[PDB]
Amino acid sequence: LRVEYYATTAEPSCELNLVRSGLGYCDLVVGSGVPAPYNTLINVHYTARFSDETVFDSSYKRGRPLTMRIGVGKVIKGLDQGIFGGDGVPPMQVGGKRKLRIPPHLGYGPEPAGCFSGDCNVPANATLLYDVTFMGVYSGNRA
Amino acid sequence: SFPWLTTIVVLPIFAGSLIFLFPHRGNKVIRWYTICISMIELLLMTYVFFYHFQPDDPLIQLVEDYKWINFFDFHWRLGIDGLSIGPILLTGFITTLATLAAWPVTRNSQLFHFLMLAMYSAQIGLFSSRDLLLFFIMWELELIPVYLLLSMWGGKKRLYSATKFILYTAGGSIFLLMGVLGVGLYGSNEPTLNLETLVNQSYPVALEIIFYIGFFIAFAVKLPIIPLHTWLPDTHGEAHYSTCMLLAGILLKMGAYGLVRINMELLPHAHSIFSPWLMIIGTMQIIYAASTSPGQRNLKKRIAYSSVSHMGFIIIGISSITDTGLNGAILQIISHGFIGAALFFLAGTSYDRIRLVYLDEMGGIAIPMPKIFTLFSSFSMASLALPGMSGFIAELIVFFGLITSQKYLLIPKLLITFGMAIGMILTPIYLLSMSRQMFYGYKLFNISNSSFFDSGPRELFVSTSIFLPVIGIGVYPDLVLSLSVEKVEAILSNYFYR
Amino acid sequence: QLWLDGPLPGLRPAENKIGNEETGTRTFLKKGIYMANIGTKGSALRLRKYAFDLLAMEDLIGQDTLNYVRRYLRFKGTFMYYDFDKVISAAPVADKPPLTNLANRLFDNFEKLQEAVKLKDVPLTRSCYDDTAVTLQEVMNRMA
Amino acid sequence: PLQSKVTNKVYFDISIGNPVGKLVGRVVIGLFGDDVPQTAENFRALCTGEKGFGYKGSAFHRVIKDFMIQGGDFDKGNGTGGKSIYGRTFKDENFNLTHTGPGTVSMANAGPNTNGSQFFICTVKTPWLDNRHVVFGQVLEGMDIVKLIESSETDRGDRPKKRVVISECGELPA
Amino acid sequence: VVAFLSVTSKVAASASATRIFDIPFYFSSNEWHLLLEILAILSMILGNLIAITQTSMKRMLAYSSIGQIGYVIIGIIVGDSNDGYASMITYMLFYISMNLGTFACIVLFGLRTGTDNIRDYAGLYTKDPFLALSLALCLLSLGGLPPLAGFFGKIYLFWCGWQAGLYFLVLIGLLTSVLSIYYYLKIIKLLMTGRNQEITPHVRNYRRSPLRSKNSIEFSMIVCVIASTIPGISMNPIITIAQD
Ligand SMILES: CC1=C(/C=C/C(C)=C/C=C/C(C)=C/C=C\C=C(C)\C=C\C=C(C)\C=C\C2=C(C)CCCC2(C)C)C(C)(C)CCC1
């Protein structure tokens with residue numbers, strides 16, 4: 001409901017490789033770098049859309065890639081399985097671009113998230129779509 | 001190959017930094033070392049002008065480019081042309097003669113002569129700077145020396161004058177810095193501050209107008225333009241006469257030099273927009289200062305307002321878009337640098353004997369002091385635009401540049417030509433009155449004032465050595481104009497259809 | 001109207017074909033020179049007077065004063081160029097071809113003199129100025 | 001070739017620099033008003049500025065090299081602003097037009113029926129954006145300026161380091 | 001201790017502010033940008049205006065510090081793109097030498113004299129020309145006077161501000177720098193009074209003594225820095241734009 005309007009061009013489509021956990025993924029670009037290391041901070045770029053292809057979040061909106069500690073459950077389960085891998089999902093490599101279809105049980109579940117002041121950011125039982133792009137492993141110094 | 005301009009800029013301040021190694025007392029060794037440095041520097045500029053400056057070349061000469069800061073693309077860049085060599089020679093001449101005339105100074109002579117050499121270096125660095133930020137740095141490098149000279153060797157109201165001067169100059173120079181930032185960051189790829197590549201830059205009309213205003217506020221604070229002139233009367237009236245040489249002969253011309261080099265050359269479209277409004281301002285400045293001068297009882301304040309009046313002809317020659325007008329502006333720059341410095345010097349030397357300020361109590365000075373009377377009368381005649389002097393030919397060439405101008409049509413060309421004419425009716429009205437209130441009449445003076453009271457050999461030499469170029473230029477003006485007839489034409493070459 | 005708004009007008013092209021064939025204008029012309037408007041009679045008088053002024057330029061020719069020769073040549077050349085244009089434009093139709101030919105020869109002599117001055121060659125300057133001198137004498141004889 | 005005839009013509013004046021950009025050229029865009037009337041009318045009205053708000057002073061806030069330049073955000077300049085002349089958003093007209101190659105000017109939207117004031121010019125063939133973005137124009141002159149905008153250095157996001165600002169936008173009659 | 005808290009507290013707090021506004025608070029830049037702009041404009045305006053009405057040297061240096069901190073805040077405000085954090089340092093490095101020299105001179109003057117009022121600084125040039133020269137150089141560097149470190153530091157701070165389009169911040173900084181000359185010149189005006197009647201007995205009985213003392217070495221490592229770093233402002237930034 002509380003969707004911030006962000007105008008972004010779409011990404012190329014795919015055939016989704018569904019797995020046992022219900023996640024769907026494709027390799028738009030296979031990265032040539034190191035795979036996503038366990039218990040490490042990584043910077044990725046993502047464009048999170050709802051169903052019906054309406055974008056509600058984007059790291060391009062904030063101007064810099066998001067840094068998260070991957071592999072230790074600091075994000076939703078769908079994002080962790082898409083990025084770090086496991087359960088039939090190969091880990092993403094540096095420079096890789098991957099589409100993700102997170103089902104509601106792998107996302108925020110039947111409970112809305114970000115609820116305050118008469119509205120919520122994410123509705124209940126919402127399938128999310130993520131165009132994630134592994135920018136790299138976090139380093140203290142940029143070039 | 002040899003860095004001539006870098007050596008010329010560096011030598012006075014570097015030599016004055018070593019003036020504190022002297023353990024001697026008094027002022028003899030300090031003043032003789034300072035005059036040695038000044039004369040060596042003067043001979044160096046004479047060699048440069050004689051052997052490496054070509055007046056027929058409209059391009060930049062003796063250029064030197066050393067990259068100092070990479071982030072601003074900022075270079076120690078030096079170069080001379082027909083516009084700059086005249087002010088450079090005038091700076092050297094007037095600064096050497098001001099060092100010579102500052103010889104009775106026995107209180108803090110070391111710091112005084114160090115500040116004089118620093119002023120030498122800063123003025124020369126400004127007049128030979130081809131980088132915008134270097135121009136701004138050399139512009140700023142005189143706030144402290146003039147402040148110290150005023151506050152430590154000035155008159156009765158020296159401290160208020162120094163505070164007003166430094167605050168006014170900082171207030172103008174922050175607008176100067178904003179203009180520098182705006183012009184130097186307009187580059188689409190990388191910032192640039194070299195004047196050679198900035199002379200071909202194209203701006204939109206509004207942005208060019210804004211940059212012109214930013215530079216013009218500073219150049220109207222420094223070069224006295226109504227109503228940004230209020231620092232000048234109390235600054236020049238309550239300053240040392242040796243410092244008054246540099247203030248009224250060199251530092252005033254820096255605003256005009258910046259107007260030609262930046263406002264007239266780098267931004268021609270905005271200058272063409274602003275010049276007709278500058279003409280009226282210059283004419284009203286002439287009338288306003290020539291009317292303020294009779295209202296001043298103080299002698300030095302009257303001379304300062306006379307300097308403000310004489311700056312109006314420079315403003316007119318700037319705003320009249322002709323080669324003749326710019327040549328007249330340069331000639332008036334040189335003439336005023338030769339006239340105002342000598343007038344202030346004579347006023348200070350006369351006050352050192354009479355010890356009176358207001359003109360209504362200084363009668364009969366011609367009886368004990370006839371030579372200073374003669375020099376004062378001659379330099380007043382030079383101020384009076386009398387023929388045989390540089391002032392008359394400068395004003396005449398400015399008049400010709402207005403009459404021959406193609407931008408204005410008939411009626412304004414009349415109402416301005418009449419305008420300055422009223423000025424040369426008002427210019428006698430106070431000046432001779434000044435003399436009539438300063439030398440004419442009879443007063444009974446002391447017997448001790450009969451001998452060892454007039455100007456000595458040093459003051460006579462200073463006044464004669466500044467008076468001789470006035471006659472030499474009033475007889476043959478092309479002793480100066482031939483140095484800058486070519487370059488001025490190049491400056492005008494951007495004001496016509498292309 | 002009080003003052004011009006745009007850039008100042010440049011060299012107005014002559015309407016009597018007295019310019020160079022390839023360029024349409026002469027090299028010695030200078031922009032920004034004030035020419036007083038008198039008329040055909042005043043232009044003829046100024047033409048003769050300034051031809052005499054340029055024939056007064058023997059003394060200025062020297063190894064050290066070629067720049068002043070060039071400056072005086074450009075000044076007077078612009079003046080006589082536009083005066084010649086004015087007097088040809090108001091001449092009778094029978095007298096226009098000889099006046100145009102004389103002006104063309106005089107301005108070619110002006111270009112040759114300026115070219116000789118530019119290379120700082122003194123005998124070449126003297127010879128070109130002698131040709132210019134006979135042309136200027138012809139000009140005053142025609143326009144007396 | 002052009003997919004449809006040009007009804008209305010619009011043009012941009014592109015300035016690149018910091019803090020005040022220097023003009024680099026003119027970009028001329030022909031609008032396909034016959035097939036997409038509302039979108040072309042919106043783009044023309046934003047170019048002219050008849051409604052009060054327009055593209056004058058706006059910036060190209062998202063540049064991806066060899067893919068696309070994107071701008072039209074006069075409100076906030078980061079991609080979260082921009083209003084159409086009808087309302088904040090208006091419905092996607094139809095998708096008969098195709099991203100046929102370089103110079104294609106199409107609408108950037110958050111999703112279906114969420115077109116606003118933000119547009120993007122493609123520099124290569126983008127066959128994956130069809131049936132999802134409303135193509136409404138073709139760049140006729142100034143494609144070198146578009147490629148110059150594309151070659152701008154970008155930050156960690158996609159904003160150009162030097163602000164590519166539309167100095168003056170309008171119509172060129174023909 | 002107050003010199004330490006003048007130089008050490010601002011460095012650590014500047015580092016914490018840079019690492020707490022950029023790393024965990026980049027998503028809400030439009031809010032803390034406004035907060036820092038208000039915090040800086042008010043700082044320069046109300047730190048340079050009150051400093052010109054001060055009769056105590058340490059309090060005047062306090063208002064001086066709360067004025068100069070607003071110049072450094074512009075480096076956070078512009079961000080890392082248009083240099084920015086590279087202009088925080090290369091000015092804080094300047095500011096350290098400026099303040100430590102202008103506090104070392106105060107330390108020596110108070111120890112040999114026993115006072116803090118500005119009116120007792122009259123005639124120090126006649127007694128100790130070296131101390132007066134050093135204090136004047138430190139104060140003129142504090143005012144951004146041309147051949148000294150503060151001037152180049154301020155133009156470096158303002159170049160990035162103009163490059164980022166912050167005309168209001170740079171204009172307020174320049175106006176407050178103009179206001180910031182009357183003080184740092186008032187002390188010098190006192191220092192160059194030759195009037196024996198206006199000279200306080202605090203400096204009349206002043207013994208410089210024929211020994212060097214440690215503070216002289218410590219501020220000779222400083223006064224020669226605030227003046228001779230003015231050519232070396234190309235070596236410093238290439239160590240400060242290298243960080244990111
Ligand atoms: C610009 C310049 C300059 C130059 C100048 C010149 C070039 C000069 C010349 C001059 C000349 C070439 C001259 C001639 C001649 C002269 C004469 C011949 C004179 C005479 C006089 C007499 C005899 C006397 C006088 C007097 C006096 C002294 C004072 C008082 C009064 C009387 C008047 C009496 C210089 C270098 C300075 C530097 C700066 C710049």
# chains A, B, ... in the order shown; residues from 1 in each chain; ligands from 1

$ select_by_dssp --residues "range 84-170 of chain E" --states "helix (DSSP H, G or I)" --output "JSON, numbers by chain"
{"E": [85, 86, 87, 88, 92, 93, 94, 95, 96, 97, 98, 99, 100, 101, 102, 103, 104, 105, 106, 107, 108, 109, 110, 111, 112, 113, 118, 119, 120, 121, 124, 125, 126, 127, 129, 130, 131, 132, 133, 134, 135, 136, 137, 138, 139, 140, 141, 142, 149, 150, 151, 152, 153, 154, 155, 156, 157, 158, 159, 160, 161, 162, 163, 167, 168, 169, 170]}

$ write_last_selection --atoms "C-alpha atoms" --output "PDB file, in the first residue's frame"
ATOM      1  CA  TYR E  85      35.725  14.148   3.143  1.00  0.00           C
ATOM      2  CA  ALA E  86      39.040  14.981   1.448  1.00  0.00           C
ATOM      3  CA  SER E  87      38.313  18.602   2.446  1.00  0.00           C
ATOM      4  CA  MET E  88      37.491  17.720   6.060  1.00  0.00           C
ATOM      5  CA  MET E  92      41.498  19.644  10.140  1.00  0.00           C
ATOM      6  CA  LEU E  93      45.216  18.985   9.665  1.00  0.00           C
ATOM      7  CA  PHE E  94      45.538  22.749   9.223  1.00  0.00           C
ATOM      8  CA  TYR E  95      43.196  23.503  12.142  1.00  0.00           C
ATOM      9  CA  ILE E  96      45.268  21.371  14.521  1.00  0.00           C
ATOM     10  CA  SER E  97      48.432  23.389  13.869  1.00  0.00           C
ATOM     11  CA  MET E  98      46.543  26.714  13.878  1.00  0.00           C
ATOM     12  CA  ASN E  99      44.894  26.090  17.249  1.00  0.00           C
ATOM     13  CA  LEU E 100      47.857  24.383  18.917  1.00  0.00           C
ATOM     14  CA  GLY E 101      50.178  27.241  17.965  1.00  0.00           C
ATOM     15  CA  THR E 102      47.699  29.914  19.020  1.00  0.00           C
ATOM     16  CA  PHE E 103      47.286  28.039  22.319  1.00  0.00           C
ATOM     17  CA  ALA E 104      51.021  27.467  22.868  1.00  0.00           C
ATOM     18  CA  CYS E 105      51.616  31.204  22.582  1.00  0.00           C
ATOM     19  CA  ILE E 106      48.804  31.730  25.108  1.00  0.00           C
ATOM     20  CA  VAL E 107      50.351  29.105  27.415  1.00  0.00           C
ATOM     21  CA  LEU E 108      53.767  30.783  27.376  1.00  0.00           C
ATOM     22  CA  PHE E 109      52.303  34.284  27.721  1.00  0.00           C
ATOM     23  CA  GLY E 110      50.130  33.280  30.671  1.00  0.00           C
ATOM     24  CA  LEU E 111      52.928  31.392  32.408  1.00  0.00           C
ATOM     25  CA  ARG E 112      55.376  34.294  32.104  1.00  0.00           C
ATOM     26  CA  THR E 113      52.665  36.875  32.760  1.00  0.00           C
ATOM     27  CA  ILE E 118      43.112  40.470  26.009  1.00  0.00           C
ATOM     28  CA  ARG E 119      43.883  43.999  27.256  1.00  0.00           C
ATOM     29  CA  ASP E 120      47.084  42.696  28.874  1.00  0.00           C
ATOM     30  CA  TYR E 121      48.453  41.576  25.490  1.00  0.00           C
ATOM     31  CA  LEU E 124      54.214  42.159  23.757  1.00  0.00           C
ATOM     32  CA  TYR E 125      56.113  42.959  20.547  1.00  0.00           C
ATOM     33  CA  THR E 126      58.470  45.260  22.458  1.00  0.00           C
ATOM     34  CA  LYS E 127      59.113  42.620  25.136  1.00  0.00           C
ATOM     35  CA  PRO E 129      59.057  39.955  19.347  1.00  0.00           C
ATOM     36  CA  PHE E 130      59.295  36.210  18.639  1.00  0.00           C
ATOM     37  CA  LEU E 131      56.210  35.339  20.705  1.00  0.00           C
ATOM     38  CA  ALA E 132      54.230  38.240  19.236  1.00  0.00           C
ATOM     39  CA  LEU E 133      55.268  37.229  15.709  1.00  0.00           C
ATOM     40  CA  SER E 134      54.279  33.599  16.299  1.00  0.00           C
ATOM     41  CA  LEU E 135      50.929  34.480  17.889  1.00  0.00           C
ATOM     42  CA  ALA E 136      50.173  36.943  15.084  1.00  0.00           C
ATOM     43  CA  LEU E 137      51.004  34.311  12.457  1.00  0.00           C
ATOM     44  CA  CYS E 138      48.770  31.754  14.190  1.00  0.00           C
ATOM     45  CA  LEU E 139      45.880  34.225  14.462  1.00  0.00           C
ATOM     46  CA  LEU E 140      46.237  35.354  10.836  1.00  0.00           C
ATOM     47  CA  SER E 141      46.225  31.711   9.757  1.00  0.00           C
ATOM     48  CA  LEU E 142      43.060  31.394  11.861  1.00  0.00           C
ATOM     49  CA  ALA E 149      47.285  27.719   5.928  1.00  0.00           C
ATOM     50  CA  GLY E 150      43.749  28.847   6.767  1.00  0.00           C
ATOM     51  CA  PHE E 151      43.285  30.697   3.473  1.00  0.00           C
ATOM     52  CA  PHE E 152      44.081  27.699   1.263  1.00  0.00           C
ATOM     53  CA  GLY E 153      42.125  25.438   3.609  1.00  0.00           C
ATOM     54  CA  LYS E 154      39.072  27.673   3.298  1.00  0.00           C
ATOM     55  CA  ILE E 155      39.313  27.928  -0.489  1.00  0.00           C
ATOM     56  CA  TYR E 156      39.614  24.123  -0.631  1.00  0.00           C
ATOM     57  CA  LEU E 157      36.531  23.858   1.595  1.00  0.00           C
ATOM     58  CA  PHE E 158      34.630  26.344  -0.584  1.00  0.00           C
ATOM     59  CA  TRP E 159      35.646  24.833  -3.939  1.00  0.00           C
ATOM     60  CA  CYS E 160      33.851  21.595  -3.061  1.00  0.00           C
ATOM     61  CA  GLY E 161      30.877  23.541  -1.706  1.00  0.00           C
ATOM     62  CA  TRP E 162      30.532  25.525  -4.928  1.00  0.00           C
ATOM     63  CA  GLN E 163      31.062  22.350  -6.973  1.00  0.00           C
ATOM     64  CA  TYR E 167      25.970  28.659  -2.911  1.00  0.00           C
ATOM     65  CA  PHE E 168      24.224  29.678   0.323  1.00  0.00           C
ATOM     66  CA  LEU E 169      26.687  27.777   2.527  1.00  0.00           C
ATOM     67  CA  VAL E 170      29.754  29.146   0.721  1.00  0.00           C
TER      68      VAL E 170
END

$ interface_residues --of "chain B" --to "chain E" --cutoff "6 Å" --atoms "only C-alpha atoms" --output "PyMOL selection string"
chain B and resi 69+141+170

$ interface_residues --of "chain D" --to "chain B" --cutoff "8 Å" --atoms "only C-alpha atoms" --output "ChimeraX atom specification"
/D:16-22

$ residues_near_ligand --ligand "ligand 1" --cutoff "6 Å" --atoms "only C-alpha atoms and all ligand atoms" --output "ChimeraX atom specification"
/B:86,89-90,93,374-375,378,464,468-469,471-472,479-480

$ write_last_selection --atoms "N, CA, C and O atoms" --output "mmCIF file, in the first residue's frame"
data_model
loop_
_atom_site.group_PDB
_atom_site.id
_atom_site.type_symbol
_atom_site.label_atom_id
_atom_site.label_comp_id
_atom_site.auth_asym_id
_atom_site.auth_seq_id
_atom_site.Cartn_x
_atom_site.Cartn_y
_atom_site.Cartn_z
ATOM 1 N N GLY B 86 53.287 48.339 -18.434
ATOM 2 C CA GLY B 86 53.185 49.701 -17.967
ATOM 3 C C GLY B 86 52.929 49.790 -16.477
ATOM 4 O O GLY B 86 53.653 50.472 -15.742
ATOM 5 N N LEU B 89 56.133 48.528 -14.595
ATOM 6 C CA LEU B 89 57.180 49.541 -14.489
ATOM 7 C C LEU B 89 56.776 50.649 -13.527
ATOM 8 O O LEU B 89 57.605 51.138 -12.747
ATOM 9 N N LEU B 90 55.504 51.057 -13.565
ATOM 10 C CA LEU B 90 55.016 52.068 -12.634
ATOM 11 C C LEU B 90 55.089 51.572 -11.195
ATOM 12 O O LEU B 90 55.454 52.330 -10.292
ATOM 13 N N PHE B 93 58.825 51.674 -10.136
ATOM 14 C CA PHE B 93 59.276 53.052 -9.970
ATOM 15 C C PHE B 93 58.698 53.681 -8.707
ATOM 16 O O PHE B 93 59.433 54.234 -7.876
ATOM 17 N N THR B 374 56.501 75.465 -5.127
ATOM 18 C CA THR B 374 56.665 75.311 -6.570
ATOM 19 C C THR B 374 56.245 73.920 -7.030
ATOM 20 O O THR B 374 55.520 73.775 -8.025
ATOM 21 N N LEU B 375 56.674 72.888 -6.303
ATOM 22 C CA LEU B 375 56.324 71.519 -6.674
ATOM 23 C C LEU B 375 54.829 71.266 -6.526
ATOM 24 O O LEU B 375 54.220 70.601 -7.374
ATOM 25 N N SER B 378 53.081 72.949 -9.440
ATOM 26 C CA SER B 378 53.291 72.206 -10.680
ATOM 27 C C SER B 378 52.453 70.933 -10.720
ATOM 28 O O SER B 378 51.847 70.609 -11.750
ATOM 29 N N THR B 464 61.108 65.857 -8.438
ATOM 30 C CA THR B 464 61.582 66.063 -9.804
ATOM 31 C C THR B 464 61.511 64.776 -10.620
ATOM 32 O O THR B 464 61.124 64.798 -11.797
ATOM 33 N N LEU B 468 59.249 64.740 -14.031
ATOM 34 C CA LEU B 468 59.817 64.646 -15.376
ATOM 35 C C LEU B 468 59.055 63.711 -16.316
ATOM 36 O O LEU B 468 58.838 64.098 -17.479
ATOM 37 N N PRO B 469 58.648 62.490 -15.923
ATOM 38 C CA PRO B 469 57.845 61.680 -16.854
ATOM 39 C C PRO B 469 56.505 62.298 -17.194
ATOM 40 O O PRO B 469 55.977 62.033 -18.280
ATOM 41 N N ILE B 471 55.940 65.529 -17.804
ATOM 42 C CA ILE B 471 56.232 66.407 -18.933
ATOM 43 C C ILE B 471 56.590 65.589 -20.171
ATOM 44 O O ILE B 471 56.137 65.891 -21.283
ATOM 45 N N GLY B 472 57.392 64.534 -19.996
ATOM 46 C CA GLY B 472 57.794 63.701 -21.118
ATOM 47 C C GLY B 472 56.649 62.996 -21.813
ATOM 48 O O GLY B 472 56.712 62.783 -23.028
ATOM 49 N N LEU B 479 55.211 57.744 -25.886
ATOM 50 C CA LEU B 479 56.153 57.065 -25.010
ATOM 51 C C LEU B 479 55.473 55.979 -24.188
ATOM 52 O O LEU B 479 56.151 55.061 -23.717
ATOM 53 N N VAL B 480 54.157 56.057 -24.014
ATOM 54 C CA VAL B 480 53.393 55.059 -23.279
ATOM 55 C C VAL B 480 52.459 54.284 -24.201
ATOM 56 O O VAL B 480 52.429 53.051 -24.176
#

$ interface_residues --of "chain D" --to "chain E" --cutoff "12 Å" --atoms "only C-alpha atoms" --output "list in words"
residues 17, 18, 19, 20, 21, 76, 78, 153, 154, 155, 156, 157, 159, 160, 161, 162 and 163 of chain D

$ closest_residue --among "A:20, A:142, A:77, A:99" --to "residue 45 in chain A" --atoms "only C-alpha atoms"
A:99

$ interface_residues --of "chain A" --to "chain D" --cutoff "9 Å" --atoms "only C-alpha atoms" --output "short mmCIF file (atom, residue, chain, number, x, y, z; two decimals) with N, CA, C and O atoms, in the first residue's frame"
data_model
loop_
_atom_site.label_atom_id
_atom_site.label_comp_id
_atom_site.auth_asym_id
_atom_site.auth_seq_id
_atom_site.Cartn_x
_atom_site.Cartn_y
_atom_site.Cartn_z
N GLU A 4 6.46 3.62 -2.52
CA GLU A 4 7.10 4.83 -3.02
C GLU A 4 7.32 4.69 -4.52
O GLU A 4 7.88 3.69 -4.98
N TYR A 5 6.88 5.69 -5.27
CA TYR A 5 6.93 5.62 -6.73
C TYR A 5 8.37 5.76 -7.19
O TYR A 5 9.02 6.78 -6.95
N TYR A 6 8.89 4.72 -7.85
CA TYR A 6 10.22 4.73 -8.43
C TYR A 6 10.13 4.24 -9.86
O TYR A 6 9.69 3.11 -10.10
N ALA A 7 10.54 5.07 -10.81
CA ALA A 7 10.44 4.74 -12.23
C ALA A 7 11.72 4.07 -12.69
O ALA A 7 12.78 4.71 -12.75
N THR A 8 11.63 2.78 -13.01
CA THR A 8 12.78 2.00 -13.44
C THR A 8 12.37 1.09 -14.58
O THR A 8 11.28 0.50 -14.55
N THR A 9 13.23 0.98 -15.59
CA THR A 9 12.97 0.07 -16.70
C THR A 9 13.14 -1.37 -16.26
O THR A 9 13.93 -1.68 -15.37
N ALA A 10 12.37 -2.26 -16.89
CA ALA A 10 12.34 -3.65 -16.48
C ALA A 10 13.61 -4.38 -16.93
O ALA A 10 14.41 -3.88 -17.72
N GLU A 11 13.77 -5.59 -16.41
CA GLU A 11 14.87 -6.50 -16.70
C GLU A 11 14.41 -7.59 -17.65
O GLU A 11 13.21 -7.86 -17.78
N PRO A 12 15.34 -8.23 -18.38
CA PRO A 12 14.95 -9.31 -19.29
C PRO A 12 14.31 -10.48 -18.54
O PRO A 12 14.70 -10.81 -17.42
N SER A 13 13.33 -11.11 -19.19
CA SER A 13 12.54 -12.16 -18.57
C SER A 13 13.34 -13.46 -18.52
O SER A 13 14.50 -13.53 -18.92
N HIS A 45 23.07 -5.11 -5.62
CA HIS A 45 22.06 -4.20 -6.14
C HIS A 45 20.80 -4.99 -6.45
O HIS A 45 20.87 -6.04 -7.09
N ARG A 49 10.18 -5.82 -6.51
CA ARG A 49 8.84 -5.58 -7.01
C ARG A 49 7.86 -6.51 -6.31
O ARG A 49 8.22 -7.59 -5.83
N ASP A 52 2.21 -8.31 -9.85
CA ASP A 52 1.71 -7.35 -10.84
C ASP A 52 2.78 -6.31 -11.21
O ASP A 52 2.46 -5.22 -11.69
N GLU A 53 4.05 -6.65 -10.98
CA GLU A 53 5.21 -5.90 -11.49
C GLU A 53 5.22 -4.44 -11.05
O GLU A 53 5.52 -3.55 -11.84
N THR A 54 4.91 -4.19 -9.78
CA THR A 54 5.01 -2.85 -9.22
C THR A 54 6.16 -2.82 -8.22
O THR A 54 6.17 -3.59 -7.25
N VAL A 55 7.13 -1.94 -8.46
CA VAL A 55 8.34 -1.91 -7.66
C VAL A 55 8.06 -1.17 -6.36
O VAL A 55 7.49 -0.07 -6.36
N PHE A 56 8.45 -1.78 -5.24
CA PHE A 56 8.32 -1.14 -3.94
C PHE A 56 9.65 -0.81 -3.28
O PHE A 56 9.68 -0.01 -2.35
N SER A 59 17.73 -0.61 -4.38
CA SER A 59 19.00 -0.06 -3.93
C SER A 59 19.49 1.08 -4.81
O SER A 59 20.30 1.89 -4.35
N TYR A 60 19.01 1.16 -6.05
CA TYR A 60 19.32 2.30 -6.91
C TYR A 60 18.64 3.57 -6.43
O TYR A 60 19.10 4.67 -6.75
N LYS A 61 17.54 3.44 -5.69
CA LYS A 61 16.87 4.61 -5.13
C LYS A 61 17.75 5.33 -4.11
O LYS A 61 17.78 6.56 -4.06
N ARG A 62 18.47 4.56 -3.29
CA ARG A 62 19.35 5.14 -2.29
C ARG A 62 20.71 5.53 -2.86
O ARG A 62 21.46 6.25 -2.19
N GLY A 63 21.04 5.09 -4.07
CA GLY A 63 22.24 5.53 -4.75
C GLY A 63 23.46 4.66 -4.56
O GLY A 63 24.48 4.90 -5.23
N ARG A 64 23.41 3.67 -3.67
CA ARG A 64 24.56 2.80 -3.45
C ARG A 64 24.06 1.39 -3.19
O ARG A 64 22.93 1.21 -2.72
N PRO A 65 24.86 0.36 -3.52
CA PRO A 65 24.42 -1.01 -3.27
C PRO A 65 24.30 -1.32 -1.79
O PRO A 65 25.03 -0.77 -0.95
#

$ select_by_dssp --residues "range 65-115 of chain A" --states "strand (DSSP E)" --output "JSON, numbers by chain"
{"A": [66, 67, 68, 69, 70, 97, 98, 99, 100, 101, 102, 113, 114, 115]}

$ residues_around --residues "residue 196 in chain B" --least-positions-apart "2" --cutoff "12 Å" --atoms "only C-alpha atoms" --output "list in words"
residues 59, 60, 61, 63, 77, 78, 79, 129, 130, 131, 132, 192, 193, 194, 198, 199, 200, 201, 261, 262, 265 and 266 of chain B

$ atom_distance --atom1 "CA of residue 36 in chain B" --atom2 "CA of residue 50 in chain B"
20.7 Å

$ residues_around --residues "residue 52 in chain D" --least-positions-apart "3" --cutoff "12 Å" --atoms "only C-alpha atoms" --output "number ranges by chain"
D: 45-49, 55-56, 74, 83-85

$ residues_around --residues "residue 115 in chain A" --least-positions-apart "6" --cutoff "12 Å" --atoms "only C-alpha atoms" --output "PyMOL selection string"
chain A and resi 1-2+121-124

$ atom_distance --atom1 "CA of residue 50 in chain A" --atom2 "CA of residue 80 in chain A"
17.9 Å

$ residues_around --residues "residue 24 in chain D" --least-positions-apart "5" --cutoff "9 Å" --atoms "only C-alpha atoms" --output "list in words"
residues 188 of chain B; 13, 14, 15, 16, 145 and 148 of chain D
